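[1] How does the following fold in three dimensions:
(chains A and B, ligands or ions: 2)
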Protein chains: 2
Amino acid sequence: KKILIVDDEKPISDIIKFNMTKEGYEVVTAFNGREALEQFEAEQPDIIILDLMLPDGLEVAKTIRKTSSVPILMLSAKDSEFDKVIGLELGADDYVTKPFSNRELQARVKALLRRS
Amino acid sequence: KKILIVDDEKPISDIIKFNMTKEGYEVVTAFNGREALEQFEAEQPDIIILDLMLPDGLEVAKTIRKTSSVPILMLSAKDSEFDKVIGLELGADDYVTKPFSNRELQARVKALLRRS
Ligand SMILES: [Xe]
Ligand SMILES: [Xe]
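    Numbering: from 1, shown residues only, chains lettered A, B, ... in the order given. Ligands and ions are numbered 1, 2, ... in the order given. Now the structure:
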């Protein structure tokens, strides 16, 4: 399976990339909203891990949902009700906060792919 | 023309109703998100003035846009960039803050109907 990690912090992007590669996923990366959209169209990932804050995540997920039902897992340091709810309502299938557990992230990615 | 005013404060709802009636609009009212949706479907207004905070406005406008291009003018006490931008991106044609000028509200309603 192919995962697109949309994350503007190269340290976090590398941790997720390393862990998904170890699990046997193919990884493509993007570091802003424009790159996320280009990678999305060109690579057709099976799942996207999308941070909410990008050079926004809300906007990327909105435009994606115009054409695609690809599962989106939103990742963010923002952990209030309002953040989670508006990520889910704007199309996220799931919303995990940072810092996260590597094993939980993996379990939640598999649960998204299982249902999809 | 028919205006649906979705506002959960009966004092503000009455000020807008009074002013739109004086301008020759037919007015229907709704005081929460559920009533807004019911009035929308049953009354088919030409325009909707939608407050953002309801017993949300963001959710109402989202679901409306699933089926309809009816012009939406968002009205709110929240006046930050983030509020305006996410109201517009979630489908509002316009975003006016409270307190507002009665004459400006009227001018902006007419400008929405002119283009539509
Ligand atoms: Xe958005
Ligand atoms: Xe929403």
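[2] Which part of chain A gets nearest to ligand 1, residue-wise?
    Nearest residue of chain A to ligand 1, counting by CB to the nearest ligand atom: residue A:58, 3.9 Å away. From N, CA and C alone the C-beta is placed, and that goes for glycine too.
[3] if I pick the residue most central in space within chain A, what's in contact with it?
    Taking CA atoms, centre = their mean, the centroid of chain A lies closest to residue A:49, which sits 1.2 Å from it. Going by CB atoms under 8 Å, 6 or more residues apart in numbering or on different chains, residue A:49 touches A:3-7, A:16, A:73, A:75, A:105, A:109.
[4] most neighbours, which of the residues you listed?
    Most neighbours among these, by other CB atoms under 10 Å in any protein chain shown: residue A:6, with 29 neighbours.
[5] Quick check: residues of chain A near ligand 2?
    A:86, A:89 (CB under 6 Å from any ligand atom).
[6] I'd like to know which residues of chain A are adjacent to chain B.
    A:58-59, A:62, A:86, A:89-90 (CB under 8 Å from any CB of the partner chain).
[7] swap the cut-off to 7 Å and go again
    Within chain A, the positions adjacent to chain B are A:59, A:62, A:89 by CB under 7 Å from any CB of the partner chain.
[8] on that earlier part again, is it true that the residue of chain A closest to ligand 1 lies in a strand?
    No: the assignment for residue A:58, made by DSSP: H, G, I helix; E, B strand; the rest coil, is helix rather than a strand.
[9] For it, which non-adjacent residue is spatially closest?
    Spatial nearest neighbour of residue A:58, excluding adjacent residues (CB to CB, 6 or more residues apart in numbering or on different chains): residue A:90 at 5.1 Å.
[10] What residue in chain A comes nearest to ligand 2?
    Counting by CB to the nearest ligand atom, chain A gets nearest to ligand 2 through residue A:89 (3.7 Å).
[11] Residue A:88 versus residue A:102, what's the distance?
    23 Å (CB to CB, to the nearest Å).
[12] And residue A:23, by the same measure?
    For residue A:23, the distance to residue A:88 - CB to CB - is 25 Å.
[13] what about the residue nearest to residue A:4 when sequence neighbours are not counted, helix or strand, and which?
    Distance criterion CB to CB, 6+ apart; nearest residue to residue A:4, sequence neighbours excluded, is residue A:45 at 3.9 Å. Per DSSP states H and E: residue A:45 is located in neither a helix nor a strand.
[14] Tell me the bridge partners for the closest residue to residue A:94 other than its chain neighbours.
    Nearest non-adjacent residue to residue A:94, counting by CB to CB, 6+ apart: residue A:73, 4.7 Å away. Beta-bridge partners recorded for residue A:73 (DSSP bridges): residue A:49, residue A:94.
[15] so residue A:73 touches residue A:96, yeah?
    Yes: contact criterion CB atoms under 7 Å: residue A:73 and residue A:96 qualify, at 6.4 Å.
[16] shared neighbours of those two, which are they?
    Common contact partners of residue A:73 and residue A:96 (CB atoms under 7 Å, 6 or more residues apart in numbering or on different chains): residue A:108.
[17] Identify the residues contacting stretch A:61-75?
    Outside stretch A:61-75, the residues touching it (CB under 7 Å, 6+ apart) are A:37, A:40, A:45, A:47-52, A:57, A:87, A:90-96, A:98, A:100, A:108-109, A:112, A:116, B:89.
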